[PDB]
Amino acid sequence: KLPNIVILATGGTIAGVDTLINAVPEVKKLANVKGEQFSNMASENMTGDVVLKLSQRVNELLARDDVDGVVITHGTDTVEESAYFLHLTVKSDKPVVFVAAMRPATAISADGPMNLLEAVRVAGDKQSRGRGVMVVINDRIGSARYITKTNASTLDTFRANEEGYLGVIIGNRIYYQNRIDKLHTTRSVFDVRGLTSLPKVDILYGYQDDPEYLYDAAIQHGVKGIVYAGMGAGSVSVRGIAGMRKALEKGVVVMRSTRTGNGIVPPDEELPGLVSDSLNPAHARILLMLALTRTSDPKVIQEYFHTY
């Protein structure tokens, strides 16, 4: 009866992998679980080269006939970045479910145990296939493309204000609500098998008195892309625009996102750079880095931003 699920641990407040498994032995009634310790770091230290390797490992795991799904334990701070990277790069319809905890395993009313039990339920459910990469936490199933950590510190921090959840887990039952209307996983062009490094992309904030010199510094340190976390709908001050023009003059791809938290940065013929659609800055950086593995053609990169 039971699905074969690998729990691949990377670190996080949620935390070895076998302690997490033995600490929530109820997972063993939902799936035949095998723990693998991939890494053990706080997610604020997760790096692209490690995420690239995580993607390659999960691709290897899901190519096996004896693996039905993977649960990846991770820190909450950057789970949206790791999850979106896998969303673009894992070429399987078998479920990939990131899980995390906002309270440490030792805290009163720690959320990790239930989050993990939910994540294993989701990863093992046959109805979970072909949905894109998911983040499960606090009874919710979020798409990697939409979900984001919206609050510094609360248990219900992961939300997608405009897109909602793919599903919810209540009373030990999964309720699937939406399928994302975007490309991912088995329909994505972002194959990264045997890449070993990724194009450098920095994120610069927009705000009153924002300085041009941060652009100059990024250019000088060899960035290939800049994601702008812009005022409003990717609006730019005279200083930012001077900086973006310098970047473009020097061969950098400029992507205008928003610092607001939500919503669409629309095309604008009268401003430099590309536009991020509804990708926030963290997600935009991940798609831009992957885009630059394939192309430097701004029309092609822009169309990825509208479709992924």
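Basically, rigid core = biggest C-alpha set you can superpose within 1.5 Å across the two forms. Residue indices: 1-based, along the sequence shown.
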| property | result |
| --- | --- |
| Farther-lying stretch by C-alpha RMS in 6 other deposited structures of this protein, rigid core as reference, of 298-306 and 4-12 | 4-12 |
| More variable segment, 134-142 or 189-197 [Cα RMS over structures in 6 other deposited structures of this protein, core-superposed] | 189-197 |
| Absent coordinates between residue 15 and residue 16 - deposited residues affected, binned into four classes | 10 or more |
| Stretch exceeding the other in mean C-alpha B-factor - 131-139, 104-112 | 104-112 |
| Residue range whose averaged C-alpha B-factor is higher in the record, 19-27 or 290-298 | 19-27 |
| Out of 235, 82, 220, 150, highest CA B-factor residue | 220 |
| Largest Cα B-factor, entry values, listed residues 211, 167, 206, 194 | 194 |
| Record-listed C-alpha B factor of residue 283: chain third | lowest |
| Lowest, middle or highest third - CA B-factor, residue 187 | highest |
| Residue 123 - Cα temperature factor, lowest/middle/highest third of chain | middle |
| CA B-factor placement of residue 261, once the chain's modelled residues are sorted into thirds | lowest |
| Modelled-residue ranking by C-alpha temperature factor, third containing residue 248 | lowest |
